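There is one chain below, alone, in structure tokens, taken in the form deposited in one PDB entry.
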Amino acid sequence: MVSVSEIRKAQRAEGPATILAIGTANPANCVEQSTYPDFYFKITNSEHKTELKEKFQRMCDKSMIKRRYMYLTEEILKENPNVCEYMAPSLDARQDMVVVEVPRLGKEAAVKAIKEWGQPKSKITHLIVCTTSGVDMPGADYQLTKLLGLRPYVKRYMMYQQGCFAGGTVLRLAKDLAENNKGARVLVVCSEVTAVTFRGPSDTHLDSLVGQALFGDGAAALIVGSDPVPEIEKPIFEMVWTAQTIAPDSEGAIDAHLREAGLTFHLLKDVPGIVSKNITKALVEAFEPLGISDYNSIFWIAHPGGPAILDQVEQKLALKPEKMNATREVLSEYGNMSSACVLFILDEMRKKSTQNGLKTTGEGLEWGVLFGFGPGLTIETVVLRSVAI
């Protein structure tokens, strides 16, 4: 009696998934990088570890981060000595912090995106929440539904423990949700808080120490939908194609385990080298089909895992130095905010493009690429089209 083909035709959307709003938020505590080596070796009781401190100083000076925003303060750290050691039982304390902070910080970004979008929050049909900072049941998705007053029937996607490539993952996911469901409007929230990874220094664990120089806190929210209502909704970027891959010869490059002492961070391989050696393949797969081979002719968003990733990618491809401007500006002002980073970079790029009177939201160019890099070694690729004005 019932036609499933009719139902399917009527149920799906028509156009490309489009980013219609972007809002960001960060903890109020601003931590300068210039003075971080002294602060960090003092709050973790490691002033006697002189050679290690010099190594950290060099890491921080080479980081290309001016400041980061951190939920953790000196007062919180003084009440949690176990978080200040390299390896002490402290997950319960860290979970107590991030179970509340992740949704709190996410709500601030989401309210900003919803205001920019300008449409009723009751029209949000899908919610994607992503964090690498803590886990809980009901998750941060349920908390954000409650905090924001979304409809109880919002369709939720709780992305936990994903790592630094997940800014690309939430876009890859939102694309399918928006494009396959007529009228769908997806709220996407990436909210990352370093209270689960912060820990004291150890001279036999320099990889962990690198994480202490680079990771910072922040949340970014998007509204994504197909078939934007012309002159009511305002397209910013369109997604056209996505991919995810694991680079060869990268087993164990980046591992992070959630333990009784919190989330540990290890680096066993040359991440900048692996990314640089495999970025061309990723570009060819995405852009060969569009007939584009000049990678300076597209706009760039790259997860700034560290400055060396960016520097080696630029060197490998012969990118003009300006291609990574928006990426490096976010790195400089906020550090590596894991999954939220690339979403801050999209916001920086469309704001600077609009502010400076360029012709599109992608620096005056039509096509662009967004990359996420993280454990596996995983590379996420999102091909974007900019919007006029």
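Sequential numbering from 1, following the sequence displayed.
Here the subject shifts to the form solved in complex with a small molecule, a form of this protein not shown in this document.
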Candidate stretches 233 to 241, 78 to 86, 302 to 310, 118 to 126 - the one whose heavy atoms come within 4.5 Å of the small molecule in the bound PDB entry: 302 to 310
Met59 within 4.5 Å of the small molecule in the bound PDB entry, heavy atoms: yes
Close approach of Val229 to the small molecule in the bound PDB entry, 4.5 Å, heavy atom: no
Contact of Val284 with the small molecule in the bound PDB entry (heavy atom, 4.5 Å): no
is_contact(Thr44, the small molecule) in the bound PDB entry, heavy atom dist at most 4.5 Å: no
Sole residue of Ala93, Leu267, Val154, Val100 within 4.5 Å of the small molecule in the bound PDB entry, by heavy atom: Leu267
Sole residue of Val111, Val210, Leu317, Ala261 within 4.5 Å of the small molecule in the bound PDB entry, by heavy atom: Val210
Contact check for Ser63, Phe215 and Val271 against the small molecule in the bound PDB entry, heavy atom at 4.5 Å: yes
